[PDB]
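Enquirer:
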Amino acid sequence: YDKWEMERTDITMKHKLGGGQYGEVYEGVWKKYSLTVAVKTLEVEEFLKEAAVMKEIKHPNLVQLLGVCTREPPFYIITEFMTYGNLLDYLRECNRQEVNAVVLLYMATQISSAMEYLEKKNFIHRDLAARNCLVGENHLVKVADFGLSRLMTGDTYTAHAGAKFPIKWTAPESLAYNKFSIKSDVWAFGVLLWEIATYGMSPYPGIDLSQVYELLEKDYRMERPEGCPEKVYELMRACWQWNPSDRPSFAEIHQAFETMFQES
Amino acid sequence: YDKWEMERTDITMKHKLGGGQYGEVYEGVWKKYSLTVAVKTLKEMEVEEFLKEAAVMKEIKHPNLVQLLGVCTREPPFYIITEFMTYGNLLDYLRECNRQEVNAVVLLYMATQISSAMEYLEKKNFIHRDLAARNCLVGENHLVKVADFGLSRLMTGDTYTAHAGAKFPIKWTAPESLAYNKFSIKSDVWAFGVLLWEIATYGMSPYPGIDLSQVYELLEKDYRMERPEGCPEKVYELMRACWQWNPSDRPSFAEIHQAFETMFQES
Ligand SMILES: COc1ccc(OS(=O)(=O)F)cc1-c1c[nH]c2ncc(-c3cncc(C(=O)N(C)C)c3)cc12
Ligand SMILES: COc1ccc(OS(=O)(=O)F)cc1-c1c[nH]c2ncc(-c3cncc(C(=O)N(C)C)c3)cc12
Numbered sequence: 232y233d234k235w236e237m238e239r240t241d242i243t244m245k246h247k248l249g250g251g252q253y254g255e256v257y258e259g260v261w262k263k264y265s266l267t268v269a270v271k272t273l279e280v281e282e283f284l285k286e287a288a289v290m291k292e293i294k295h296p297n298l299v300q301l302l303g304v305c306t307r308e309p310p311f312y313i314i315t316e317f318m319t320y321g322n323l324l325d326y327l328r329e330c331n332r333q334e335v336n337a338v339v340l341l342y343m344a345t346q347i348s349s350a351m352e353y354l355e356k357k358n359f360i361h362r363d364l365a366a367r368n369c370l371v372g373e374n375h376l377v378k379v380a381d382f383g384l385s386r387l388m389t390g391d392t393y394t395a396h397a398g399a400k401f402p403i404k405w406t407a408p409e410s411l412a413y414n415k416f417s418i419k420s421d422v423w424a425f426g427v428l429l430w431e432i433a434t435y436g437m438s439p440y441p442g443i444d445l446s447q448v449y450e451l452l453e454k455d456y457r458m459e460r461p462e463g464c465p466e467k468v469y470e471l472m473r474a475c476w477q478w479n480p481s482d483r484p485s486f487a488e489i490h491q492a493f494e495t496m497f498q499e500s
Numbered sequence: 232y233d234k235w236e237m238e239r240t241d242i243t244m245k246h247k248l249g250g251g252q253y254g255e256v257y258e259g260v261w262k263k264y265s266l267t268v269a270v271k272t273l274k275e278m279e280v281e282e283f284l285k286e287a288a289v290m291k292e293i294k295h296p297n298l299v300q301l302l303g304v305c306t307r308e309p310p311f312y313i314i315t316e317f318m319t320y321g322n323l324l325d326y327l328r329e330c331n332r333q334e335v336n337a338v339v340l341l342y343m344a345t346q347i348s349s350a351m352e353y354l355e356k357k358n359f360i361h362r363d364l365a366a367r368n369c370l371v372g373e374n375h376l377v378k379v380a381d382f383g384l385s386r387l388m389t390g391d392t393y394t395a396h397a398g399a400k401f402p403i404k405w406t407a408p409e410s411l412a413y414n415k416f417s418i419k420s421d422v423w424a425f426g427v428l429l430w431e432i433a434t435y436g437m438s439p440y441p442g443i444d445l446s447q448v449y450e451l452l453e454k455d456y457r458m459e460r461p462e463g464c465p466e467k468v469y470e471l472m473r474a475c476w477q478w479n480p481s482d483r484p485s486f487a488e489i490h491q492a493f494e495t496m497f498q499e500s
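Right, here's the structure in full:
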C-alpha cells in the first residue's frame, strides 16, 4: 500500500478524458518518465476501497494501477493510459477491413481472459460494457477495473439500497433484486459481445426501458447481428440464460473464444 | 491436451539465441532425446496471440518450414519448441560463408528450397508477411528452412489489412503494403524478390544508401534494384517479375518454384 503512494506533484494534470463520460478522470503526465497516464480524482471510503482493490489486481487485460495519492485530498488513482481510448468509440470509428471477424474474436478472447481471472479471484465487475473496455496498440484490449467488488462470503453481492444500474446491460436478477454475481457479469458479457459484433450499436435499439425486464422474462432476446457467426451467437444466448446457474462460466467462455480465435 | 503438449521439465534451457534479435528465443535440450532444440518463451507479446501462433504451427508440415516439436501451454511460462537449425540465420550465413563452397549452384538450391516452402503456404492459405534472409535458417549441407512463427491464415487471393500504426521493414515491403497496409500472398512474392536479391549479393543490404522515406516514391516511378553482379539474367527476370507494381501481375509461388527447380536441375 505504501509502495503505491506517490506525491501529487509527480503528475501534470491535463484535460478530462473521454468527453467527461467517466467523471473526474483526466489525461495526465508522469513527468519523471514522460509517461502519459490516466488519473481519477476525488465518497472517500468507497474511493479508498476501490484503490485498495486495484492494488491486488494483476492481469494483462485489466487496466494496471501505477500509483495512488491517498494521504491528503485531492485523492488520486493513477493508471496506465490506453492510447486508442474506449472500445465503444473504437468499434464505431475503426476500419472494419482491419478490425474484421478474427480481430473481434481476439477482443472477446482477451476480455473473457480478464473476466476468468476475476472469476477465480472471487471478484465481480458489475459494469461490463464496451464503454468500460479500453484499446491499446495492436488490438490489445483491457477492462477498466475501478469499481470491482470482492465476494467476502457467498457467490452473490447485494448492491446498496436504491442503486441505479445500466438497464440494458444488467441481468434480470440484478434488476429485480439488486443481486450481482459473476453470473450477472456473464450476462453483461453477452451484451458486450453483441456490442462488439455490431461494431458498437446500442443494445435493444428503440425498445422502451420500462419493458426490458418483462420482455426478458417472457424470453425476448436480441437477434443475431448481421455477420455474427452462429457459434458466437450461441454463446451470446448462453450468457443470457434466465437462470444464472444455467449461464456458462468465464472459464468456459474463454476456452470457447480461444478455440475460435486460434482456428481463425 | 493434444499430442503436442509436453512437460516443461522435458526441456533444459541454455542461452538466448541469435544475439537476441528474435526476442526470447533460447537454445535448449530435449533431455529425453539428448536433442538440441529452439524454444520460444513468453516474458511480456500478448498471450493469446502467442498461443495462436503455436496453434498455426501445429498445422505446418513441409521440409523447408521449421518443424514444431512441442508446446507448453498449460501454465506459464509458455513454450514453443521447434527443431534447431545448426547454422543460424541465412543472412549471417551468406555474409560469412566460403563462396567457393556456397557457389552459384548452392544459391539456386537455396532459392528452390525457400520457394518450395512458400508454394506450400500459398497452397494452404497462409501468408508469412516477413520474408527476408534474417528469417530463414540454415542447417547442414545448405538446408534452408523458413521461420514460421507469425504465419496468418488468409484464403489465397484475399487481402489482410495490418493494424493502424504498424511499422514495416520498408525495404522488403510491397508498395500496396507501404501505402495501404494491405498484405497478401502477392506481397509475400514481392518480399521473396528482395530475398532473392539478398541471396544473389550474399547478404548485402537492399537499396544501399537510399533514404527509407523515399523508397515508396522511387517504387512508384518504376525504380528497382539493379541486377546484382554475377546474377544470371533469368534469375534477375524472376526478381523483377516479383516486383511488378500490380500484385496480380506478380507470379505465383508455384510458378516461381517450378522455374527455380528447372534451373537447379539444369545446373
Ligand atoms: C474507462 O476508462 C477509465 C475509467 C475510469 C478510470 O478511473 S480509475 O483510474 O480509477 F480506473 C480510468 C479509466 C482509464 C484508465 N486508463 C485509460 N486510458 C484511456 C482512457 C480513455 C477512454 N476514452 C477516451 C479517451 C480519450 O479521450 N483519448 C484516448 C484521446 C481515453 C481511459 C482510461
Ligand atoms: C528465426 O529463428 C527463430 C525465430 C523464432 C522462433 O520461435 S518459435 O516459436 O518458432 F520456436 C524460433 C526460431 C528458431 C527455430 N529453430 C532455430 N534454429 C536456430 C536459430 C538460430 C538463429 N540465429 C542464430 C542462432 C545461433 O545463435 N547459433 C546457431 C549459435 C540460432 C533460430 C531458430
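Protein sequence lines correspond, in order, to chains B and A.
Just so you know, the first sequence maps onto residues 232 to 273, 279 to 500 in PDB author numbering.
Just so you know, the second sequence maps onto residues 232 to 275, 278 to 500 in PDB author numbering.
We treat Cβ as the ideally placed atom computed from N, Cα and C, and that holds for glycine.
1. Taking the continuous beta strand (DSSP E) assigned at residue 426(B), which residues delimit it?
2. Mind checking who residue 359(B) pairs with in its DSSP beta bridge?
3. With C-beta atoms as the reference, is residue 440(B) less than 8 Å away from residue 448(B)?
4. Can you pull the DSSP bridge partners for residue 261(B)?
5. Look at the Cβ atom of residue 493(A), then the Cβ atom of residue 389(A), and state whether they are nearer than 8 Å.
6. Quick check on residue 338(A): buried or exposed, where buried means 16 or more other Cβ atoms within 10 Å of its Cβ?
7. Assuming the contact rule is C-beta atoms closer than 8 Å, residue 311(B) and residue 272(B) should be a hit. Round their C-beta distance to whole Å, please.
8. In three-state terms, what does DSSP make of residue 305(B)?
9. Is residue 270(B) closer than 8 Å to residue 259(B) when the C-beta atoms are compared?
10. Would you tell me roughly how many angstroms separate the C-alpha atoms of residue 329(B) and residue 243(A), rounded to the nearest one?
11. Taking a cut of 7 Å between CB atoms, which residues from the region 333-344 of chain B lie near chain A?
12. Rounded to whole angstroms, what's the CA-CA distance from residue 472(B) to residue 369(B)? Just pull it up for me.
13. Anything in chain B within Cβ reach of residue 234(A), meaning under 7 Å, just list it in chain order.
14. Can you find a CB in chain B that lies within less than 8 Å of the CB of residue 247(A)?
15. Comparing alpha-carbon positions, which option in 278(A), 349(A) and 286(A) lies nearest residue 490(A)?
16. Against residue 398(A), what residues of chain B qualify as contacts under a CB-to-CB distance less than 8 Å, listed in chain order?
17. For chain B, check one thing: does any of its Cβ atoms lie closer than 8 Å to the Cβ of residue 377(A)?
18. Does DSSP classify residue 299(B) as helix, strand or coil?
19. If you measure between the beta carbons of residue 316(B) and residue 397(A), is that distance less than 8 Å?
20. Which one or two residues does DSSP pair with residue 479(B) in a beta bridge?
21. So with CB distances below 8 Å, who are the chain A contacts of residue 497(B)?
22. With a Cβ-Cβ cutoff of 8 Å, do residue 336(A) and residue 249(A) count as a contact?
23. Which of the three DSSP states, helix, strand or coil, is assigned to residue 313(A)?
24. According to DSSP, is residue 336(B) helix, strand or coil?
25. With 8 Å set as the bound, which would you pick, yes or no: does the beta-carbon of residue 412(A) sit closer than that to a beta-carbon of chain B?
26. Check the Cβ-Cβ distances between residue 447(B) and every residue of chain A, and say whether any is below 8 Å.
27. Is there at least one non-hydrogen atom of ligand 1 closer than 7 Å to the beta-carbon of residue 444(A)?
28. Taking only the alpha-carbon atoms, compute the straight-line gap between residue 458(B) and residue 372(B) and give it to the nearest angstrom.
29. Along the region 453-475 of chain B, where does the CB come closer than 8 Å to a CB of chain A? Name the residues.
30. Is any non-hydrogen atom of ligand 1 found closer than 7 Å to the C-beta of residue 232(B), if you look at the structure I gave you?
31. Output, in chain order, the set of chain A residues within a Cβ distance shorter than 8 Å of residue 494(B).
32. Where do the N-terminal and C-terminal ends of the beta strand (DSSP E) with residue 284(A) fall, by residue?
33. So which residues of chain A does residue 296(B) contact, with C-beta pairs closer than 7 Å?
34. If we ignore side chains and look at the alpha-carbon of each, how far apart do residue 232(B) and residue 427(A) end up?
35. By how many angstroms is the C-alpha of residue 352(B) removed from the C-alpha of residue 486(A)?
36. List the endpoints of the continuous alpha helix (DSSP H) containing residue 411(A).
Expert: Walking through what the data contain:
1. Residue numbering aside, residue 426(B) sits at position 190 when the first sequence is read from its first letter. Taken as a continuous stretch (DSSP letters only), residue 426(B) belongs to no beta strand (DSSP E), being part of the alpha helix (DSSP H) at 418-433.
2. The residue labelled residue 359(B) in the question sits at position 123 within the first sequence. According to DSSP, residue 359(B) bridges with 386(B).
3. On the first sequence, residue 440(B) is found 204 positions in, with the first residue counted as 1. On the first sequence, residue 448(B) is found 212 positions in, with the first residue counted as 1. Yes, Cβ-Cβ distance for residue 440(B) and residue 448(B) is below 8 Å.
4. On the first sequence, residue 261(B) is found 30 positions in, with the first residue counted as 1. Beta-bridge pairing links residue 261(B) to 242(B) and 266(B).
5. Taking the first residue of the second sequence as position 1, residue 493(A) is located at position 260. Taking the first residue of the second sequence as position 1, residue 389(A) is located at position 156. Taking 8 Å as the Cβ cut-off, residue 493(A) and residue 389(A) do not qualify as a contacting pair.
6. Against the second sequence, residue 338(A) aligns to sequence position 105. Answer is exposed; the Cβ neighbour count stays below 16.
7. As a first step, residue 311(B) must be located in the first sequence, where it is residue number 75. As a first step, residue 272(B) must be located in the first sequence, where it is residue number 41. About 6 Å separates the two Cβ atoms, so the contact holds.
8. Start at 1 with the first residue of the first sequence, and residue 305(B) comes out as number 69. In the structure shown, residue 305(B) sits in a strand (DSSP, three-state: E or B).
9. Here residue 259(B) refers to the residue found at position 28 of the first sequence. Here residue 270(B) refers to the residue found at position 39 of the first sequence. Their beta carbons are under 8 Å apart, which means residue 259(B) touches residue 270(B) by this criterion.
10. Within the first sequence, numbered from 1, the residue matching residue 329(B) stands at position 93. Within the second sequence, numbered from 1, the residue matching residue 243(A) stands at position 12. Straight-line Cα distance between these residues: approximately 48 Å.
11. 333, 334 and 342
12. As a position in the first sequence, residue 472(B) is number 236, starting the count at 1. As a position in the first sequence, residue 369(B) is number 133, starting the count at 1. Looking at the two C-alpha atoms, the distance is approximately 18 Å.
13. If you number the second sequence from 1, residue 234(A) lands on position 3. Residues of chain B passing the Cβ test: none, with the nearest at roughly 16 Å.
14. Locating residue 247(A) in the second sequence gives position 16, counting from the first residue. Not one chain B Cβ lies under 8 Å of residue 247(A).
15. Within the second sequence, residue 490(A) is the residue found at index 257, counting from 1. Checking every option, the nearest Cα to that of residue 490(A) belongs to 349(A).
16. Mapped onto the second sequence, residue 398(A) falls at position 165. Those are 373, listed as they occur along chain B.
17. Mapped onto the second sequence, residue 377(A) falls at position 144. No, its Cβ sits nowhere closer than 8 Å to a Cβ of chain B.
18. To locate residue 299(B), count along the first sequence from 1; it is residue 63. Looking at residue 299(B) - three-state DSSP - the assignment turns out to be coil, as it is neither helix nor strand.
19. Working through the first sequence from its first residue, we reach residue 316(B) at position 80. Working through the second sequence from its first residue, we reach residue 397(A) at position 164. For residue 316(B) and residue 397(A), no; Cβs fall outside 8 Å.
20. As a working note, residue 479(B) is residue 243 in the first sequence. Beta-bridge pairing links residue 479(B) to no other residue.
21. Within the first sequence, residue 497(B) is the residue found at index 261, counting from 1. Per Cβ cutoff of 8 Å: 281 and 285.
22. Within the second sequence, residue 336(A) is the residue found at index 103, counting from 1. Within the second sequence, residue 249(A) is the residue found at index 18, counting from 1. No.
23. To locate residue 313(A), count along the second sequence from 1; it is residue 80. The answer is strand: DSSP assigns residue 313(A) an E or B state.
24. In the first sequence, residue 336(B) corresponds to position 100, counting from 1. Coil.
25. Within the second sequence, residue 412(A) is the residue found at index 179, counting from 1. It does not: the Cβ of residue 412(A) has no partner Cβ on chain B nearer than 8 Å.
26. Counted from its first residue, the first sequence places residue 447(B) at position 211. No - not a single Cβ of chain A is within 8 Å of the one on residue 447(B).
27. Taking the first residue of the second sequence as 1, we reach residue 444(A) at position 211. Flag unset: Cβ of residue 444(A) not near ligand 1.
28. Looking up residue 458(B) in the first sequence gives position 222. Looking up residue 372(B) in the first sequence gives position 136. So the two alpha carbons sit approximately 29 Å from each other.
29. none
30. Here residue 232(B) refers to the residue found at position 1 when the first sequence is read from its first residue. No, Cβ of residue 232(B) sits at least 7 Å from all heavy atoms of ligand 1.
31. Residue numbering aside, residue 494(B) sits at position 258 when the first sequence is read from its first letter. Per Cβ cutoff of 8 Å: 281 and 284.
32. One-based indexing of the second sequence puts residue 284(A) at position 51. Here residue 284(A) belongs to no beta strand (DSSP E); instead the alpha helix (DSSP H) covers 280-291.
33. Along the first sequence, read from residue 1 onward, the residue named residue 296(B) stands at position 60. What residue 296(B) touches in chain A: 279 and 280.
34. Along the first sequence, read from residue 1 onward, the residue named residue 232(B) stands at position 1. Along the second sequence, read from residue 1 onward, the residue named residue 427(A) stands at position 194. Cα-Cα distance, rounded: 55 Å.
35. The residue you call residue 486(A) lines up with position 253 of the second sequence. The residue you call residue 352(B) lines up with position 116 of the first sequence. When rounded, the distance between both Cα atoms is 43 Å.
36. Translated into positions along the second sequence, residue 411(A) becomes position 178. Where residue 411(A) is concerned, the enclosing alpha helix (DSSP H) stretches over 408-413.
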